[PDB]
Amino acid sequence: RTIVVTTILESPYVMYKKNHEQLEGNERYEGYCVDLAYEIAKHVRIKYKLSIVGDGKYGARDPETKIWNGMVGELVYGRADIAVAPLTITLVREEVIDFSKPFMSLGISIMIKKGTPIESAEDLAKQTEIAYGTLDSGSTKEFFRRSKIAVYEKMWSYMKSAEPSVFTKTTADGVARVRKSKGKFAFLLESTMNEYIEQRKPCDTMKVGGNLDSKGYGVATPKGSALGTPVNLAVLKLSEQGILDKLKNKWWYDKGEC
């Protein structure tokens, strides 16, 4: 009866509240995706419990074992009913779970320390004084691994052999590396996280140039679930009421520190 909603810690989508150790159940979390889960549950009329995904991953298939990890895996193996997180809509995931229409749009983008002489991906690809990298797993890394576009193929060729490794484990690590590189590191990450960080102190990063692609985050359910259709319609309803726009403003811009 109580619906299991898998998600993952990532600012400002899902975060522990400051006093979370005094709170219980859903009340210990806050963020965009926390607010979105509450609005979807009200429209679909369900009771639910937020569960943080055990392995801390989003979702990819191990090439050797064929096992799906992360939140995707939770849905595929029947351990969760719905995933609500910044889970990028990609063909390999859509083949195994269902995604709602997108609740947020985004693209891969470039984050630099203010003053770095880079304005585009082409600017990065042409040189190597300024190192650049992606998270060590995820949709952005796969974008580069799989691209057949000249400039991105060149970038992937550089990133896979660069030493020391240009890959980072978490968004916070990628950000700290831009901040502590003295302008010699640029981080390639989703425009949404890039936009959020650009409004946080110390106000020393910025998003530069256009995005390299155009995609969306979606709410995900197992294939065949009776919740899929109602969740999808709930997302469109919230879009048309202006609620997704209000939530983005609330968590990115209303209390922007810059």
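Between two forms, the rigid core is defined as the largest C-alpha subset superposing within 1.5 Å. Residues carry their position along the shown sequence, with the first being 1.
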Core superposition done, the stretch whose Cα atoms deviate more in 5 other deposited structures of this protein, picking from 205-213 and 23-31, is 23-31
Larger mean CA deviation from the shown form in 5 other deposited structures of this protein [core fit; 91-99 vs 178-186]: 178-186
Assert higher mean C-alpha B factor (124-132 or 105-113, deposited values) equals 124-132
Going by the B-factors listed in the PDB entry, is the mean over the C-alpha atoms higher for 175-183 or for 80-88? 175-183
Can you tell me which of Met159, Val96, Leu75, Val151 has the maximum CA B-factor listed in the PDB entry? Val151
Among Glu190, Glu198, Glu39, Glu64 - the residue whose C-alpha B-factor is largest in the record: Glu64
Chain thirds of CA B-factor: placement of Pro202: highest
Can you tell me whether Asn19 has a C-alpha B-factor in the lowest, middle or highest third compared with the other modelled residues of the same chain? highest
Based on the entry's values, in what third of the chain does the Cα temperature factor of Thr168 lie: lowest, middle or highest? middle
So, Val4's CA B-factor, relative to its chain, sits in which third? The middle
Which third of the chain does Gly59 land in by C-alpha B-factor: lowest, middle or highest? lowest
